[PDB]
Structures are given as C-alpha cells and as structure tokens.
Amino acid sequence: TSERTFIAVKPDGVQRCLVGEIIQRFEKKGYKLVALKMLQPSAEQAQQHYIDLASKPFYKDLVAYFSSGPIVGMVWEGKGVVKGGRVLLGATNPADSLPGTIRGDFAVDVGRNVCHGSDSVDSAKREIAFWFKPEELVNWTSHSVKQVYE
C-alpha cells in the first residue's frame, strides 16, 4: 500500500537529539520516507496544529513551545503506516507508553512528548497537505519493496 502518514519531531525531540533515532526506527520497519523537512512552525501554524483545546486550554503554551524552535516534519509511506506509525511512537502520554517505543524510551511528560503522528488516515491526508507542498513529496521506489511486501 501507498498509504501515508505525517510524522513530526517536536522541538523537544530536536533539542535532545532524537531526530536520527526517530527516522531510523521508521526506516528499520520498512516504511518509506517520501518527504522530510526541518522548519520552525509559525505561531499561526502551531495554532492549526493544535486546533482543539480547551478548558484549562493553555494551549497558548503548547503553541509557544511548538513554535519555540525547529521541528523535523516527515512523510512516511506504507501498508498501515498511519496505524503502525502510532505504534512506533507509543501512547501520546509517555507515562502510558509501552517500552521500546519512541515516547516509551525517550520521553516523560505528556507536555514534552518528543514527536507527533497522525491518528487516522484522513488526519494524515489533511496533515501532509498542510505541512508539505505536493512537489516536496518524492515519488520513488524502494529497492526493497518486494522484501517488505509480496
């Protein structure tokens, strides 16, 4: 399948040097990287990233942090890559994260949870369009596509 998910390294992940590890885990799974960019999100951008929230919202902080510095944003392609991406990442809240997952291994606070994954197929479609220009998605074939899948 050519299903795609959007994966970001939040600025706390870039700050504590987890960009490479994160990409590597997706690469090791057999998912394919079709878009990669480092950019510091707008306040505007950050606001739409969160679009929910809330009572307590703040919120305003989760916007401040998210545009505090660089994120590495990604597009990953493969069968069940949206689902499978979420599993790779772990529970949103690191305290509820399984060990051997990104948050499971490398994160404590839900408020500093290292990375982002789309939760649904449509959520990814929206998200990729938002972060990446069509021309920044590279269409290519893995020499290994027939060893991962049939």
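Throughout, we count residues from 1 along the sequence that is shown.
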Higher avg CA temperature factor (60 to 68 vs 81 to 89, as deposited) belongs to 60 to 68
Mean Cα B-factor check, 51 to 59 vs 105 to 113, entry values; winner is 51 to 59
Assert third(CA B-factor, residue 30) within chain per record equals lowest
Entry-reported C-alpha B-factor of residue 36 relative to its chain, by third, is lowest
Residue 145: CA B-factor among chain residues, third -> middle
